[PDB]
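In: Can you look at this? It's an experimental structure, sequence on top.
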Amino acid sequence: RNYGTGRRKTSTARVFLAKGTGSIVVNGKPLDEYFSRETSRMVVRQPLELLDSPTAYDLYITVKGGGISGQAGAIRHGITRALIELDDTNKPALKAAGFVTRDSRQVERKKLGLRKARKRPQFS
Amino acid sequence: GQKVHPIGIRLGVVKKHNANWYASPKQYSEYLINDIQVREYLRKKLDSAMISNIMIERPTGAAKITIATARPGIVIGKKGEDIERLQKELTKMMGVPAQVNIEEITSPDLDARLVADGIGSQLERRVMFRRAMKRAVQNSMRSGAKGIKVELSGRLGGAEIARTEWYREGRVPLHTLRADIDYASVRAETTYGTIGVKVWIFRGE
Amino acid sequence: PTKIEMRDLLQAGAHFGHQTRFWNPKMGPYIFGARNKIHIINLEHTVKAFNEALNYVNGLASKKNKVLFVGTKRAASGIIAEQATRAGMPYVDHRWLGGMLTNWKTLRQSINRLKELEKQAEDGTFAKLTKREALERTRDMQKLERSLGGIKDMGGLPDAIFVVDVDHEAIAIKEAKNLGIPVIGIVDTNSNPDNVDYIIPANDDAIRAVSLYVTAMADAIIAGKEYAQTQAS
RNA sequence: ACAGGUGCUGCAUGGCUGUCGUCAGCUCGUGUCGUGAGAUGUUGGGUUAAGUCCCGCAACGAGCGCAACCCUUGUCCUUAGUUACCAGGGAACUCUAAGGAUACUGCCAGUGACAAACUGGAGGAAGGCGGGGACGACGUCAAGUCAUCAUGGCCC
């Protein structure tokens, strides 16, 4: 029952990895039902298939906050944090894939005088 | 004009508000309006004495105003005769009786307001601005300090074209947040117009 | 040890000058000749100039006077350092800062800063400092000491200055004339011999010759120190 | 007596603001050079986001600027667990919000004046200023504001 905490721009994902058949349940619902995005599905299942063990561990993910692709990144980061628990020899491969780094990217705040984070009110 | 107030930009890092009361948003406004009214009155009725910092923390009901003057003897008077008549007056325009205590200024030369008021008084009394500005620099450095900057703006010398003259001695690093800089901007209502007096007193990081 | 002989000067090569093109016409009197297009210094005038010179520092060493050793050329970089500490006298070997003497009032702080960094490094004040920050203070001390190594214990202006290769140390000569403190210098046959009270015509480029001059000054100033201690009892 | 005046003058002013421009500059003390205005420092070799840093150098130092101290985000630890949470009532986790840890060109390989620095590599959540903000030097524009306010003069 290895535990990993996944985080992305505004979504926090908690994963409970355990050896099993390979079923993935997110928020008490199947991954395919929860994620209508094929991109999000692939991002969630990417670390498992990266090291050649998709159908080896049973997942129980509980996501909160963020959006539909931020949650996918949070789940991927949490799954990485959980895989590094059972074995420390996978950490090199996951780091080389770039899944161990938590993306610090965030919505840059709107600035006064500006129309957005950077957009300016055109002059002439 | 492009310089932030050096007291407000330091309000959280190395300074403290001269107000320490919590009020509800409904009640916040009337406290502050009442709080500001105390400051204007106390700055005129107590003008003879040299007062620099007036901290107004009001506990539940009461209000513990803490003035920091350099002449407690004339604020207090004979056996506190003058402080008591002020006690019954501040309460009249405030809520329940509020106690007033006086803090002592060991060195009345490191406070920007006290230095600025002296320069403001001298300009009122037909004193050449060059000597008034230079002397206050000398007194502050000789009184123990690490930097003084005093700036006089207006019709200096009664001229028709105003100009800014400032004499800095020391460090006074305004861009350092942990600087402990005392700032004051007072005025001098001369016969030829208002003269602005700004004083910076750097007293160690 | 007040009279240097003529023989060792010839052995150390104190007669070889410079090319017959770079010479100063004011250097003319005491030049023996010009062989193979090189000016030869007349040693008779050199040895007489030393004898007056070593007789000058001897009187100063008997009066607890302080003479400054100046030399920053490669041939006189290190030798000034060891001979000065043998004599317990100030020296400058890295570079003569512009204003070491005329602007001596300003250099007080730099020496005072250097002394402060030494006192805090004796008891040990690096515990309160970080790994990099201590090295930052350490690197400042070595740089501040490299320039001011001999004059840190000078405490006021010297009353005599010993310069080698007067042409090289022209700034020191101009400062000395400004302040009036006598200078005992070594002039090659290309340099300006003026503003130098005790002239020493000699070769200032040979490693052996330079050491011979500075050491001969060192034993002389040491000898006067010994004679000064004969009046204690 | 007066009060009152959003009546005039921002080209009589204070206070506040824009702007060049978050550009990397702007000066001073002493010393030295010049009859002098002035110069040097502040230039030159590199280097940097930076007058940043090192080395040279009649300069030696300093001040305001740059950087840092501040806020927020990025990982982890500690105290705490309701009105927050839910792995097995629980005190795990997420979250919440106070105090801290880490990051320092610290380590490696090279170039580089035996330098500052630069180029890549490991570890780590983060690598070289990690991302964003606040902070706006001396001064410039007789810039804007007498209608936030105060204020000299003029006027009702």
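Out: Cool, got the structure. Numbering: from 1, shown residues only, chains lettered A, B, ... in the order given.
In: Helices along the chain, start to end?
Out: Went with chain A since none was named. Here chain A has its helices, by DSSP state H, at A:31-34, A:38-50, A:70-86, A:91-97.
In: please go with chain C instead
Out: Using DSSP H, helices in chain C cover C:6-12, C:43-61, C:77-87, C:104-123, C:131-147, C:170-179, C:207-228.
In: In chain C, which residue sits nearest RNA strand D?
Out: Scanning chain C for the residue nearest RNA strand D gives residue C:98, at 2.5 Å (criterion: Cβ to the nearest atom of the strand). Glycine gets a C-beta too; all of them are placed from N, C-alpha and C.
In: ok, that residue - contacts?
Out: residue C:171 (Cβ atoms under 8 Å, 6 or more residues apart in numbering or on different chains).
In: Residue B:182 in helix, strand or coil?
Out: Secondary structure, DSSP: H, G, I helix; E, B strand; the rest coil: residue B:182 is strand.
In: Isn't it up against residue B:112?
Out: Yes. Contact criterion Cβ atoms under 8 Å: residue B:182 and residue B:112 qualify, at 3.9 Å.
In: Mutual contacts of these two, please.
Out: B:199-201.
In: which of those lies closest to RNA strand D?
Out: Nearest to RNA strand D among those, with distances taken as Cβ to the nearest atom of the strand, is residue B:200, at 9.6 Å.
In: show me what contacts the residue lying closest to residue C:53 once chain neighbours are set aside?
Out: Distances taken as Cβ to Cβ, 6 or more residues apart in numbering or on different chains place residue C:198 nearest to residue C:53, at 5.0 Å, with adjacent residues excluded. Counting by Cβ under 8 Å, 6+ apart, residue C:198 touches C:49, C:52-53, C:56, C:182-185.
In: Pull the contacting residues for the residue lying closest to residue C:223 once chain neighbours are set aside.
Out: The spatially closest residue to residue C:223, leaving aside those adjacent along the chain, is residue C:1, at 5.7 Å (Cβ to Cβ, 6+ apart). Listed by Cβ under 8 Å, 6+ apart, the contact set of residue C:1 reads C:54, C:216, C:219-220, C:223.
In: Between all of these, which two are separated the most?
Out: C:216 and C:223 (10.7 Å; Cβ to Cβ).
In: If you count surrounding residues, which of these two has more?
Out: Using other Cβ atoms under 10 Å in any protein chain shown as the criterion, residue C:216 and residue C:223 rank with residue C:216 on top: 20 against 17.
In: wait, that one sits on residue C:57?
Out: No. Counting by Cβ under 8 Å, residue C:216 sits too far from residue C:57 to count as a contact (10.0 Å).
In: Pull out the buried positions in stretch B:183-197.
Out: For stretch B:183-197, burial by neighbour count (16 or more other Cβ atoms under 10 Å in any protein chain shown) applies to B:183-184, B:186, B:188, B:190, B:195-197.
In: tell me, which of those make contact with RNA strand D?
Out: When contact is defined as Cβ under 7 Å from any atom of the strand, the buried residues of stretch B:183-197 meet RNA strand D at B:195-196.
In: List the buried residues in stretch C:21-38.
Out: Applying 16+ other Cβ under 10 Å to stretch C:21-38 flags C:23-24, C:27, C:30-31 as buried.
In: Stretch B:132-150 now?
Out: Within stretch B:132-150, judged by 16+ other Cβ under 10 Å, the buried ones are B:132-133, B:136-137, B:139-140, B:145-150.
In: Going by distance to residue A:81, which of those wins?
Out: Closest to residue A:81, out of all of the buried residues of stretch B:132-150 and judged by Cβ to Cβ, is residue B:146, at 50.9 Å.
In: ok, that closest one - contacts?
Out: Contacts of residue B:146 (Cβ under 8 Å, 6+ apart): B:170-171, B:202-204.
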